[PDB]
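Order-wise, the sequence lines are chains A and B. Under PDB author numbering, the first residue of the first sequence carries the number 1, and numbering increases by one thereafter. Under PDB author numbering, the first residue of the second sequence carries the number 1, and numbering increases by one thereafter. Positions of the beta carbon are idealized from the N, C-alpha and C atoms, including for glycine. To start, the structure under review is shown below, and the notes come after it.
There are 2 protein chains.
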Amino acid sequence: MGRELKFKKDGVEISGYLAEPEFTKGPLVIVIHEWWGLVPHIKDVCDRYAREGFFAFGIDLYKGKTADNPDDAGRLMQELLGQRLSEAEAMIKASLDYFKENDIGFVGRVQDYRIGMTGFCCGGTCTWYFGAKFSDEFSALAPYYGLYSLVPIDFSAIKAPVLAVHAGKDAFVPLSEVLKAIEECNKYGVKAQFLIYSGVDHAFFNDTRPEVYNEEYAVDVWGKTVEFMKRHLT
Amino acid sequence: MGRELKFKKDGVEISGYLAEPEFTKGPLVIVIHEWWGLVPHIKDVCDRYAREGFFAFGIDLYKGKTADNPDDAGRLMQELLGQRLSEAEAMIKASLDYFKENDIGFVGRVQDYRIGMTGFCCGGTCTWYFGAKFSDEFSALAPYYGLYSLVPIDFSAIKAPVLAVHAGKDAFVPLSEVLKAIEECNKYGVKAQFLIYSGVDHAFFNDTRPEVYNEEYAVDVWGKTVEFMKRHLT
Numbered sequence: 001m002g003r004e005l006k007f008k009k010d011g012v013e014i015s016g017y018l019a020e021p022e023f024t025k026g027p028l029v030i031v032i033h034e035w036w037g038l039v040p041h042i043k044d045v046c047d048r049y050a051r052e053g054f055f056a057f058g059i060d061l062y063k064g065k066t067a068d069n070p071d072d073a074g075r076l077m078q079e080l081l082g083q084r085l086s087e088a089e090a091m092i093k094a095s096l097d098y099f100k101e102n103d104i105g106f107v108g109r110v111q112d113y114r115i116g117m118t119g120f121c122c123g124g125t126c127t128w129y130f131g132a133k134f135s136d137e138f139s140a141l142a143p144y145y146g147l148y149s150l151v152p153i154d155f156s157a158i159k160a161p162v163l164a165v166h167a168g169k170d171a172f173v174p175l176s177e178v179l180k181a182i183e184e185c186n187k188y189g190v191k192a193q194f195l196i197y198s199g200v201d202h203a204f205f206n207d208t209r210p211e212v213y214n215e216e217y218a219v220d221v222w223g224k225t226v227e228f229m230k231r232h233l234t
Numbered sequence: 001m002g003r004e005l006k007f008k009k010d011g012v013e014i015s016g017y018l019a020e021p022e023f024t025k026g027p028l029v030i031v032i033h034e035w036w037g038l039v040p041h042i043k044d045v046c047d048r049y050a051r052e053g054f055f056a057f058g059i060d061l062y063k064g065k066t067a068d069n070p071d072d073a074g075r076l077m078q079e080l081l082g083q084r085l086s087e088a089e090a091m092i093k094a095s096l097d098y099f100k101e102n103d104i105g106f107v108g109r110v111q112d113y114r115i116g117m118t119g120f121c122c123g124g125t126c127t128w129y130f131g132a133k134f135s136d137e138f139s140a141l142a143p144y145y146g147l148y149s150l151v152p153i154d155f156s157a158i159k160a161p162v163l164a165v166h167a168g169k170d171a172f173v174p175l176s177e178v179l180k181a182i183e184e185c186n187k188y189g190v191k192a193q194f195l196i197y198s199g200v201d202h203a204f205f206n207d208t209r210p211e212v213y214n215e216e217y218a219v220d221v222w223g224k225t226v227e228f229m230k231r232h233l234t
């Protein structure tokens with residue numbers, strides 16, 4: 001089952017796609033879209049999480065807007081990260097509050113909420129950023145190929161374990177930037193594992209983009225990601 | 001319940017420890033020791049592989065010698081990787097030939113041999129080096145925290161997928177060296193995934209060395225390694 005949510009809470013508009021497991025009362029994963037916005041591929045990822053026993057909320061951070069080309073997509077992303085960052089923070093916070101009020105993410109085995117977050121591209125940046133901002137709320141973070149140069153990621157504040165996925169030939173994220181993030185995690189004692197796949201580009205997980213998709217590593221990284229989310233959230 | 005193999009083949013003396021799975025006839029993994037030599041910890045690793053369905057051969061590359069301190073260990077390692085590298089190569093090749101003659105590592109599903117190789121510290125270096133030297137013989141490589149600057153690894157020759165495990169605070173392997181390896185893999189089309197664990201030291205997998213062992217990441221990396229070896233060897 002997947003449903004479109006749209007409602008107001010604490011003065012902000014929450015919208016996105018919620019995939020729910022069959023019967024399983026599982027953990028929750030927040031899934032953050034790329035710079036194109038909340039498109040079908042992201043909803044598909046949410047469905048895939050639900051088939052593994054997780055509630056998955058593909059939150060819309062673009063207020064219903066999507067882009068099909070880099071120029072418009074870059075404008076939406078720069079607006080989100082550079083002008084509406086406070087608002088996006090408030091949407092994340094209100095979403096978390098909403099799910100907890102509805103018992104979504106409550107895990108019987110531990111008698112507590114277990115909430116993860118993952119995202120791709122700008123959604124990877126957001127995973128890091130929000131994971132630091134809301135460090136009491138998340139039990140696992142899985143940022144895929146986010147930029148570290150767009151917004152200040154406060155590595156000192158992160159409390160969750162992190163699975164950080166990167167592409168070896170990423171045209172947007174130099175390896176030097178990945179190295180700097182590793183050194184910050186070393187410095188602050190962040191339990192971050194960095195996975196760097198040789199020879200693939202940015203967005204290699206996106207099966208709808210044949211110019212960058214890599215099947216071998218997309219299958220590999222999905223296996224690793226589900227294992228990691230299960231380890232920390234169930 | 002493994003066996004100590006000792007025999008001569010093609011002019012070189014082979015010795016090591018062979019762990020065998022029960023109730024399953026599976027792939028082979030060659031396991032290469034650290035600079036201490038073929039000590040109980042390494043035999044334990046072989047046993048662990050056998051419990052997951054693999055034959056595992058902990059080859060001795062030190063001609064029966066072990067070391068309990070860094071000075072003696074460093075001398076044995078420098079001798080292995082300098083003066084006796086050709087001999088070690090011949091031991092690896094003769095081992096492979098021996099197993100194939102005895103049907104060890106033959107996998108029914110693919111009607112062919114599937115042989116992996118893994119190792120730690122100097123054994124990680126060896127896994128890279130021999131994986132390139134004997135490029136057609138290996139179907140998976142899992143080098144843990146080896147140095148890249150001791151012997152010339154021929155990245156251009158590697159044909160197997162690689163799971164390269166590194167420690168984020170490795171006192172012996174700077175992250176700049178890991179980056180150089182990633183760039184070589186990118187350049188030559190090696191299917192290498194690099195996994196860098198923040199905050200841990202060299203030899204963090206070694207549960208017999210409490211000063212560097214890290215349980216959380218040793219458990220994590222074991223899971224990842226078994227999944228990878230199963231994916232490529234069964």
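Worksheet entry | As assigned by DSSP and simplified to three states, the class of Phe54 of chain A | coil
Item to complete: Give a yes or no on contact between the stretch 101–115 of chain B and the stretch 17–28 of chain B, applying the rule of three or more CB pairs nearer than 8 Å.
Response: yes
Worksheet item: Going along the chain, which residues of its own chain have a beta-carbon closer than 6 Å to the beta-carbon of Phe57 of chain A, five neighbours each way excluded?
Response: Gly16, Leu18 and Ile30
Worksheet item: Per DSSP, what kind of secondary structure is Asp47 of chain A in: helix, strand or coil?
Response: helix
Item to complete: For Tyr144 of chain A, go through chain B and note every residue whose CB falls closer than 7 Å to its CB, in chain order.
Response: Neighbours of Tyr144 of chain A on chain B: none; closest Cβ ~14 Å, over 7 Å.
Item to complete: Could you say which of A:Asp44, A:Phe54 and A:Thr208 lies nearest to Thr234 of chain A if we only look at CA atoms?
Response: A:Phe54
Fill in: Option nearest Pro161 of chain A by Cα separation, candidates A:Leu38, A:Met91, A:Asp71 and A:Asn186
A:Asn186
Worksheet item: Alpha carbon to alpha carbon, how far is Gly116 of chain B from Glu89 of chain B?
Response: 16 Å
Discussion item. What would DSSP say about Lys9 of chain B, mapped onto helix, strand or coil?
Written reply: strand
Item to complete: Run the CB neighbour count on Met229 of chain A, radius 10 Å, all protein chains shown included, and call it buried at 16 or more, exposed below.
Response: buried
Worksheet item: Using 7 Å as the limit for Cβ to Cβ distance, is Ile182 of chain A near chain B?
Response: yes
Discussion item. Based on DSSP bridge pairs, tell me the residues matched to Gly16 of chain A.
Written reply: A:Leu5 and A:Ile59
Fill in: Given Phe120 of chain A as reference, the closest of A:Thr225, A:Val12, A:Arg75 and A:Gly2 once Cα atoms are compared
A:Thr225
Worksheet entry | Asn69 of chain B versus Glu79 of chain B - alpha carbon distance | 16 Å
Worksheet item: Name the residues in the stretch 187–216 of chain B whose C-beta lies less than 8 Å from a C-beta of chain E; which are they?
Response: The chain labelled as chain E is not found among the protein chains of the depicted structure, namely A and B.
Item to complete: Indicate whether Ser139 of chain B and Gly168 of chain B have their beta-carbon atoms separated by less than 7 Å.
Response: no
Item to complete: Check the Cβ of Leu175 of chain B against every Cβ in chain A and list those closer than 7 Å, keeping chain order.
Response: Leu179 and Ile182
Worksheet item: On the three-state DSSP scale, how would you describe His202 of chain B?
Response: coil
Worksheet item: Within this structure, are the beta carbons of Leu163 of chain B and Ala132 of chain B separated by less than 7 Å?
Response: no
Worksheet item: Does the count of Cβ pairs from the stretch 121–131 of chain B and the stretch 142–152 of chain B closer than 8 Å reach three?
Response: yes
Worksheet item: Can you tell which of B:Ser176, B:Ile14 and B:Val219 has its C-alpha closest to the C-alpha of residue 241 of chain B?
Response: Limits of chain B in this structure are 1 at one end and 234 at the other, which puts residue 241 of chain B out of reach.
Worksheet item: Is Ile153 of chain B closer than 7 Å to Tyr129 of chain B when the C-beta atoms are compared?
Response: yes
Worksheet item: Beta-carbon of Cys185 of chain B versus every beta-carbon of chain A: anything under 7 Å?
Response: yes
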